[PDB]
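Each chain is listed here by its residues.
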Amino acid sequence: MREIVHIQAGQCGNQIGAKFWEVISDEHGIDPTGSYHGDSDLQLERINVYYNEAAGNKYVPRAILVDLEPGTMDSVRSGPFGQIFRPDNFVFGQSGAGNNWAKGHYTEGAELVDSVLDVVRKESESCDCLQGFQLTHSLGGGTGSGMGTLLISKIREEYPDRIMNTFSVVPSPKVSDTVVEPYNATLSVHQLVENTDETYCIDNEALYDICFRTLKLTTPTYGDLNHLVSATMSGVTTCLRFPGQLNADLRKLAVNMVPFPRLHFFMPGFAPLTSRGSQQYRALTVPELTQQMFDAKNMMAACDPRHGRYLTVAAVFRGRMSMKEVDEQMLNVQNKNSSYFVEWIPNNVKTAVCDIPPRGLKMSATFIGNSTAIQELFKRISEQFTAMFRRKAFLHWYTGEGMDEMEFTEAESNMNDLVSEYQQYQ
Amino acid sequence: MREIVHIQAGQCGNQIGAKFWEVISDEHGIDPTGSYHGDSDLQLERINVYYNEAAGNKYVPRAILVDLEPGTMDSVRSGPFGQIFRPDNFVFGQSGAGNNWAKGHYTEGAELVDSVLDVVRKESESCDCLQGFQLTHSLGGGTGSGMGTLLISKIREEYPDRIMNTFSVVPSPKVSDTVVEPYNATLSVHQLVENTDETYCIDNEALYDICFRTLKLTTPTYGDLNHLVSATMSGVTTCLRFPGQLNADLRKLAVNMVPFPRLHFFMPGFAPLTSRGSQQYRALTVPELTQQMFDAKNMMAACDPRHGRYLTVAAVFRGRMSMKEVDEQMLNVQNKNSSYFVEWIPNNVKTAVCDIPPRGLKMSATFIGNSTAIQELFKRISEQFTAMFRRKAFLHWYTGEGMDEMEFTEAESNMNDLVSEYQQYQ
Amino acid sequence: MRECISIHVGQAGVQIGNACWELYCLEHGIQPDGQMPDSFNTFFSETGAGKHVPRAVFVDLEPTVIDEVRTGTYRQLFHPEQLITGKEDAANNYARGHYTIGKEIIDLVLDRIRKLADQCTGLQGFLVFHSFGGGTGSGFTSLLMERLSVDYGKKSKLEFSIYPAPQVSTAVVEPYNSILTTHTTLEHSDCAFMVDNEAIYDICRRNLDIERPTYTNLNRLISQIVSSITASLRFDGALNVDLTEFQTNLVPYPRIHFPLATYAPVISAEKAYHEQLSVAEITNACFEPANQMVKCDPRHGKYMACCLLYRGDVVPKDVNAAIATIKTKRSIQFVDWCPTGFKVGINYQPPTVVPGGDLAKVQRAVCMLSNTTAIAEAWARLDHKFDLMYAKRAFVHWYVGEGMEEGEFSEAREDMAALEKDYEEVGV
Amino acid sequence: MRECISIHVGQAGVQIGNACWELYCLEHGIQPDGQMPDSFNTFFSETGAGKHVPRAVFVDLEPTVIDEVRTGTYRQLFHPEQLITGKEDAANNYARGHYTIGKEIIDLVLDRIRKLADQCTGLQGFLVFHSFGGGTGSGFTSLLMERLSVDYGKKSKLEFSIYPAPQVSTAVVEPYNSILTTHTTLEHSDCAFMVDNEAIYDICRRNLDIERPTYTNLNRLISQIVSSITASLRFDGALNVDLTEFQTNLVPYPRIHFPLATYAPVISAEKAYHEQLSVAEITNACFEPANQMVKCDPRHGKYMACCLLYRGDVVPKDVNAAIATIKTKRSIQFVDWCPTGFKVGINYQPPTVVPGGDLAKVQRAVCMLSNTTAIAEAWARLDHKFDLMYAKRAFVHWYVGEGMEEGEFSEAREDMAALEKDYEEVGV
Ligand SMILES: Nc1nc2c(ncn2[C@@H]2O[C@H](COP(=O)(O)CP(=O)(O)OP(=O)(O)O)[C@@H](O)[C@H]2O)c(=O)[nH]1
Ligand SMILES: Nc1nc2c(ncn2[C@@H]2O[C@H](COP(=O)(O)CP(=O)(O)OP(=O)(O)O)[C@@H](O)[C@H]2O)c(=O)[nH]1
Ligand SMILES: Nc1nc2c(ncn2[C@@H]2O[C@H](COP(=O)(O)OP(=O)(O)OP(=O)(O)O)[C@@H](O)[C@H]2O)c(=O)[nH]1
Ligand SMILES: Nc1nc2c(ncn2[C@@H]2O[C@H](COP(=O)(O)OP(=O)(O)OP(=O)(O)O)[C@@H](O)[C@H]2O)c(=O)[nH]1
Ligand SMILES: [Mg+2]
Ligand SMILES: [Mg+2]
Ligand SMILES: [Mg+2]
Ligand SMILES: [Mg+2]
């Protein structure tokens, strides 16, 4: 009961997905072969949420891997945990998208997509009651953004009543990796606005800051960064996988955190986060976790929560904890930091608690905030788009893939409207 | 009780027959010498359906091998299992037919045929209650098509009340092996229309697709292809050879699957079919088998079932299975895919179950569909015939063998009529 | 004295019969070889020392199903001459059953039956097990029924028939066979107990907690019903019911002889521990639509007569109480022309359970046989199914081939229409 | 005879119910397997030998909470058919509870309830455990209450409800759910006992010396109250109270059926040694605002009726003395239209304590149920909360999606306004 379908689109998305799978298999006591070697019966009770049971006491991720390039697939298959995936669930093209949203959405991606659709239909049929979909990808390139968006549109058309979740790695302001990133992000964000129910805005710059400042890590690799994201992902769906004292799944979270249809862009967070040295000089207690989570410098989106207000915040706690203590701490934070919370939604905080902690830790926390500061992310992007579009820079490539200028105009308008709406509800 | 007589005509037919025999001997625990070395008493209980018992605890196929060329016979005799066949049951000519239906039907084949007739009469006399005949051949050449057809006509004349089954390998559209294939197919199809009770339309292109796409096989040889066909053949008659929970033989299948006399052209299918790699990541269960069988890409005829409707479909299941589960799955498929089934024949599905699974597998399935999409196969052929015949191309050869133009006109008309009838009942 | 002859026709009939005979053996302490280490005489003849032989004939047009019996566990129980086998089947064709194939074997089976009947001194009648859908179960049975009616007539005829489902049908041509056999059925058999596999499946999943029931599970359940029916003859209870008595009570008009049965309790081993399965409880459960053996809504029909057959640790007073309670339930309506709609039997022997069976051992059980107008709904759907197919003459040629005439089909349809109309009229 | 059916709805309802059933078992000497190595019949059916089964139905739209019960310590106590589980939750949405998800499961639960009720010969009524804030606890319960009212009606209905706090709310949408369920609650349930988690927490920290109370600690305390209520039915005391009696005494007008409860003494193991916990003392402690189960000031309200339920080593004379003393306290005011505001019950059995519990074993205890105008304050704050959110239509779209109409919200608000006004009028 309550099966989730996982989709990974483009290189980054795939990489994050791999990490996610690795963590979750470890959590549920699943080895690199698909065999259960755990101790606790609780690890297998709700195994069906993320895994299909294959013949001969093995488990396989309900995961679809998508890319316009084959190399990524190979890299995944050769990775630790690569062999756990169903071979028929790898759907790859041969060409690539060349950082072009149009190639991913209209051309190469279009050709690819039917296969993917066929796979995912089968995966849906297999599951007794699919609660919904989780897509991991980025907005800045061509595949994850254009192809991903296309896929999402198709999915929603066939499953309009199911929950649609995306973990979207967004382009940061300073660390600009590509030149057409503004275009790709703009086009994809628009589509996300209409077709996702909740969007987790993850930002590389913020991750780097976390790694450098909070973990004090000498050399971050993408893997390390990805780990953080994976942890966050695991946090959200802990209530579907384990028992607890107060239980909240994907739907319950959405209903409590989304007051208006369009405002479904979250700034996620995780706690605790310490170095090796600073491990000894700390208190493993709920007050400390709470303190950590609400800090601006612990957000995985490059936005200052002190530049806006929280519309709603959901906190998900893992480990053996006193409910009273949890409640006290959340009330204290809202009373003390009154100015950071919208005053016309009393009790801006939703709490959920799962008894099963993550491995290595006795207590852990996951944060989901709907903050009006997310407007900053959109605004910058809009500005950059304007700067490009005013001089029609790089437009020709997109138009060569069948895209028309008017779409760009529309998307930009839409994003502007969204920004305005956030501002006004602040 | 209930003896079947096997006939193999022309090279392809012979080759398929060899494979068929090999599989069946293995199944019934019969070695290359004709001796029973099996374990189960169930393997010998109904051995007489396909084997005559010779002196000294040996078994011999009730098989007649026919060719206008002797080389094929030699090749068969030198094969693994070649020595099991009765030497007197090889009936061969010396000349060959040169891809000419007329040579096979009117001239060389005519001269040959009396011997064959004499053999088969004896084989009939030997058997206590012959249920009928199975002919394996192709429509595109001269021997299997012309000689085969001739043989069938003769047989039906002497056994008008017995069941007449053909496994006919049909010419595909793209992979055209010969130039006069259209002619040979047209002429033979006509004859089949009047003289066979059920015709299994097997297509090389579809087989290749199965091998390449579904089995992921690096290099298919004809042997591999033939194996698939053999499996299918074995499936149909499993109910005559073993016990079961619900039993259906050749007659029962025909009566349930043929609503109108002329509409007896089946698209057969088999399941399960997996690679070596994809063996581990699968569920050995009835739902999965069902899913596999009904897919368009698992049909051994190059026709899209989604281009027509199923008039009737017979499913034959082998292994220890729950009847309820089987029934649920078949009802689900018809309810979900309502549009692919003719609405004026309620319960378009017939089910049969045999307790004895094939070797190596715990569960297996054989599919027989009477689909209106088979019209495509006829239509293409008709078109090609027209294209040739309009310019009288290659006609002279046929006429030199005594054939008249009017026969061609007749056959073409007949086929057209058949096509029309299929279309209208769609 | 009091003896019942069992006839098992076609695959279904054979397989139900196997289960039945397994159950009977266990009930009377007869081993699979006929030896026992008295009432069992109602089902078995006794020959010499250390032998008892079932008063049964097994008939099939194929060898396959019967051949299993010959090879199997109960090979010594039946003598070879009571297992009758042809060479070719009816191939799901009524015509082949009734005419082409059936006319070759019917005489033989009749002769054997006569031989069997001559050995019995107090023949109660016949129990006939078959299906409506198969060529043998339909065509052969209709032929056999005619002959039996001619030869014996006044001796009672009972048929236990696997009716085809609305949704879950295994074969394509079922409606034709069903319609054809109904015509002769109405003419001949004196009371006919319809059952539906789909309903049984539902029961096994919901009440017995079995994910995947196979035919062996259905058959066992079916056998239980038969046991309840015949326990009044095979044991000595407080208050008893004979077959003639049953007929008198349960069949109000000659044509209206289709009472649908049901059993209670059908429960798991574990789920029995918590439930206090009282007489009142089981009785209440009997009159619930979910536990029915045929798919239909009694709430939309009216009861004409119900027979309640209790077995085991049951006392009359509490049965009476249960009946009274049932009377006062507005949602269970009986027709106005029958104010007293109960025949009640109580037998001392608890239901015995087959080792490795799905049913738990209980102190009490009940088999309700009720005649209700709601059964007409089944006929309506079947008729509808028939009419579609016949509109296109689909498959008809096959039947014609074996000597059937098109006019027969129409006649059969008419007969069924008339029957449905009759059912309509009695419920007003 | 005298029997009470318990219904446990949603997470909160389930978890309170677990505690309750743990307590009952210990009280009556029933082991977790249903075996006992008579009055317990009020809560348990008895089946065969060595078994007793709770007269309870556990309902949740998810599997998770109930699945714990199935796996856990008391898996053998309940039979599987009394534990009802859907597939998808109400997701903190009233609409999903009442309509979209609830309409799929309500029939089933009703049928089971009817089955349960048919086994009881002297039905007193129903105890319904839930919360006002959850989608299931609100939406499902309202639906269920309607159906129960229809089917039974005159049989008493009691609900034990976890009311949302003023400050410490765990969920965002609580006010909407609370308002919606209140409308149906007023229509149907006959008396409703509100409780607040915040108050319980305060009590546990201040009176029990627990730094960190978890839900298990609250639940245990809550169960005690229920035990006090039902001890008059489960034991034979000197002076007794039935549920109908309670209703008669405590509810002065049909709409004014919200009495807030409280328990005394709630003390630590050590702090019990020094205190001489007399009847007078505990009684005095009952009427103090700090020990209340709902956050509000009684000093600012008026009492309309109080029921005092004493248990253990208590004699009437000293209870009377205590009551007299309470009468003479000017700070505790009763409305002028009720000069005699006491119903008094005294039961012989001391409060039993759960091994590993927070409460010490005492010779005497009391449960006070009082109807007071001060409860109106809670409704005022809740209404205020509702009105803010609704001003912006925040979250409303979700409810609309599941078939709720905006007009319903307004109607509900109006109903609550009317209720508050009614409360105002009776205190004048
Ligand atoms: N947080 C992470 N960000 C990544 C990772 N890999 C890439 N990226 C970021 O994502 C962007 C590059 O995205 P992709 O390779 O996924 C573009 P994609 O293959 O989807 O389409 P193409 O344009 O066809 O290559 C860029 O901002 C990278 O800096 C990763 O492992 N973690
Ligand atoms: N599926 C298979 N198809 C085959 C096989 N061998 C040949 N064929 C196909 O059949 C056709 C060639 O047929 P044949 O050699 O049987 C013609 P035949 O000997 O019957 O008459 P002649 O004209 O006298 O040779 C052609 O379409 C081949 O591609 C086989 O082993 N399997
Ligand atoms: N209840 C039950 N029904 C069965 C069983 N086997 C077959 N059926 C039903 O019987 C019908 C098929 O008829 P069969 O008895 O197999 O056919 P037959 O009597 O052997 O007739 P032919 O094979 O056509 O000669 C279908 O409705 C099946 O669902 C069984 O073991 N139990
Ligand atoms: N006293 C007490 N209150 C609880 C407990 N668990 C949850 N709550 C309260 O119940 C309310 C939340 O409702 P739940 O019962 O969790 O929700 P639900 O009934 O399962 O409804 P959905 O999950 O939305 O379908 C909040 O006011 C919680 O504080 C518990 O064990 N004891
Ligand atoms: Mg890439
Ligand atoms: Mg050749
Ligand atoms: Mg049969
Ligand atoms: Mg819940």
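cryo-EM is the method the PDB entry states for this structure, with the resolution given as 3.5000 Å.

**Student:** Before we move on, can you summarise the state of the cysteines with the specific residues and values?
**Tutor:** Per the stated rule, a full pass over the model turns up zero disulfides over all chains. For the unlinked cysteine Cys120 of chain C, the closest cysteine sulfur is that of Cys4 of chain C, found at 9.5 Å. The class of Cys120 of chain C is buried, set by a relative accessible area of 12%. Looking at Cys191 of chain D, it has no disulfide partner, and the nearest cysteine sulfur is the one in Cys307 of chain D, 9.5 Å off. Owing to a relative accessible area of 2%, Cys191 of chain D belongs among the buried residues under this scheme.

**Student:** Could you give an account of the UniProt feature "binding site: Mg(2+)" in chain C, with specific residues and numbers?
**Tutor:** Within this numbering scheme, the UniProt entry marks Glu62 of chain C as carrying the feature "binding site: Mg(2+)". Checked against the element boundaries, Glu62 of chain C lands in the loop between β4 (56-60) and α2 (64-71). When its relative accessible area of 6% is taken as the criterion, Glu62 of chain C is described as buried. Setting aside its immediate chain neighbours within four residues, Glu62 of chain C contacts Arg2 and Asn247 of chain B together with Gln11, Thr85, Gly86, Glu88 and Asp89 of chain C.

**Student:** How would you summarise the interface of chain C and chain B if you had to cite specific residues and measurements?
**Tutor:** Counting from both sides, the interface comprises 36 residues of chain C and, opposite them, 37 residues of chain B. Summed over both partners, the interface of chain C with chain B comes to about 3,700 Å²; 56% of that surface belongs to carbon and sulfur atoms. Among the salt bridges present, the one from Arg46 of chain B reaches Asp67 of chain C, with a minimum N-O distance of 2.7 Å. Breaking the side of chain C that touches chain B down by element, the ones donating at least two residues are α1 (10-28), α2, α7 (197-206), α13 (376-391) and α14 (396-401) of chain C. The element best represented in the side of chain C that touches chain B is α2 of chain C, accounting for four residues. Residues of the side of chain C that touches chain B, tallied by class, amount to 15 nonpolar, nine polar and 12 charged.

**Student:** Can you tell me about the packing of helix α7 (residues 181-195) of chain B against helix α15 (residues 405-425) of chain B, naming the residues and giving the values?
**Tutor:** Helix packing for two helices is described by the angle between their axes and how far apart those axes are. Residue and element names in this part refer to chain B. Two numbers describe how α7 lies on α15: the axes approach to 9 Å, and their chain directions differ by 65°. By the criterion of interaxial angle, the relationship of α7 to α15 is roughly perpendicular. Seen along the crossing, α7 lies across α15 with a hand that is left-handed. Between α7, through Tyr183, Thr186, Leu187, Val189, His190 and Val193, and α15, the contact on the second element is made entirely by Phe408, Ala411, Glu412, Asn414, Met415 and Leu418. Taken together, the residues of the contact of α7 with α15 sort by class into eight nonpolar, three polar and one charged.

**Student:** Mind laying out the arrangement of the chains, listing which residues take part and the relevant values?
**Tutor:** Taking C-alpha atoms as the reference, chain A and chain C come no closer than 15 Å and do not contact one another. With respect to C-alpha atoms, chain B approaches chain D no nearer than 21 Å, and the pair has no contact.

**Student:** Lay out the domain arrangement of chain A with the relevant residues and their values.
**Tutor:** Residues and elements named next belong to chain A. Here the domain parsing of chain A yields domain 1 (1-259), domain 2 (260-373) and domain 3 (374-426). Here the C-alpha centre of domain 3 lies 32 Å away from the C-alpha centre of domain 2. Contact residues are listed per partner, giving 18 residues for domain 2 and 12 residues for domain 3. Around 1,300 Å² of area is buried between domain 2 and domain 3 when both sides are counted, 60% of it from carbon and sulfur atoms. Considering only the surface of domain 2 that becomes buried against domain 3, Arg262, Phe265 and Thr372 emerge as the three largest contributors, covering 42% of it. Counting the contacts that link domain 2 with domain 3 gives zero salt bridges. For the side of domain 2 that touches domain 3, the secondary-structure elements that each account for two or more residues are β10 (265-271) and β13 (363-371).

**Student:** Explain the site of ligand 4 to me, using residue names and the numbers behind them.
**Tutor:** Around ligand 4 lies a shell of 21 residues, among which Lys252 of chain A together with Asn92, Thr136, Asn197 and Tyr215 of chain D are the nearest. Per-site note: the chains with residues close to ligand 4 are chains A and D. Contacts to ligand 4 include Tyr215 of chain D, whose side-chain N or O atom sits 3.0 Å from an oxygen atom. Out of a free accessible area of 650 Å², ligand 4 has 96% covered by protein chains. Sorting the residues of the shell around ligand 4 by element identifies α1 (10-28), α5 (135-151) and α8 (215-234) of chain D as the ones contributing at least two each. Looking at which element gives the most residues to the shell around ligand 4, the answer is α1 of chain D, with four residues. Its residues assigned to classes, the shell around ligand 4 shows six nonpolar, 12 polar and three charged.

**Student:** Now, about the environment of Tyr36 of chain B: what can you tell me, with residues and values included?
**Tutor:** Residue and element names in this part refer to chain B. The residue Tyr36 is located in the loop between α1 (11-27) and α2 (42-45) in this model. Side-chain polar atoms of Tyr36 contact the backbone oxygen of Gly38, separated by 3.3 Å. At 2.9 Å, the side chain of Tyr36 forms a polar contact with the backbone oxygen of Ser40.

**Student:** Can you break down the pattern of salt bridges residue by residue, with the values?
**Tutor:** Following the criterion strictly, the structure yields 68 salt bridges over all chains and no others. With a shortest N-O distance of 3.1 Å, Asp197 of chain A and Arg156 of chain A are connected by a salt bridge. With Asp197 of chain A in the loop between α7 (181-195) and β8 (198-203) and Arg156 of chain A in helix α6 (residues 143-158), this pair connects stretches of sequence that are 41 residues apart. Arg156 of chain A sits in the buried class, given a relative accessible area of 19%. Two residues, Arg306 of chain B and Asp295 of chain B, come together in a salt bridge whose shortest N-O distance is 3.5 Å. Placement of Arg306 of chain B in the loop between α11 (286-294) and β11 (310-319) and of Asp295 of chain B in the loop between α11 and β11 is noted, with a sequence separation of 11 residues between them. Members of the salt-bridge network, linked through shared partners, are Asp161 and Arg162 of chain A together with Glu88, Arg96 and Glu402 of chain D.

**Student:** Which residues make up the site of ligand 1, and what values do they have?
**Tutor:** Residues and elements named next belong to chain A. Near ligand 1 there are 17 residues, and of these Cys12, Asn99, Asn204, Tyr222 and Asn226 occur at the shortest range. At 3.4 Å from an oxygen atom of ligand 1 is found a main-chain nitrogen or oxygen belonging to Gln11. The element contributing the most residues to the shell around ligand 1 is helix α1 (residues 11-27), with three residues. Class assignment of the residues belonging to the shell around ligand 1 gives a composition of three nonpolar, 12 polar and two charged.

Scoring rules and cut-offs
Residues numbered from 1 in each chain as written, not as in the entry; some residues may be left out. Chains lettered and ligands numbered in written order. Part of a larger assembly, values for the part shown. Heavy atoms only, no water. Residues with missing side-chain atoms left out of burial classes, pairs and counts. Disulfide = S-S within 2.5 Å. Buried < 20%, exposed > 50% of the residue type's maximum accessible area, 1.4 Å probe, protein only. UniProt positions renumbered as here; feature names shortened; annotations may be inferred. Helix = DSSP H or I, 4+ residues; strand = E, 2+ residues; numbered from the N terminus. Contact = heavy atoms within 4.5 Å. Buried area = accessible area lost by both parts, 1.4 Å probe. Salt bridge = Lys/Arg side-chain N within 4 Å of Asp/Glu carboxyl O. Nonpolar A, V, L, I, M, F, W, Y, C, P; charged D, E, K, R; others polar. Axes fitted to C-alpha atoms, helices over the stretch in contact; angles between N-to-C directions. Parallel < 35°, antiparallel > 145°, perpendicular 65-115°, else oblique. Left-handed = near helix turned anticlockwise from the far one by under 90°. Domains from an automatic or database assignment. Near = heavy atom within 4 Å. Polar contact = N/O pair within 3.5 Å; in protein donor to acceptor, adjacent residues only side chain to side chain. Areas by Shrake-Rupley, 256 points an atom, 1.4 Å probe, with all protein chains shown as cover.

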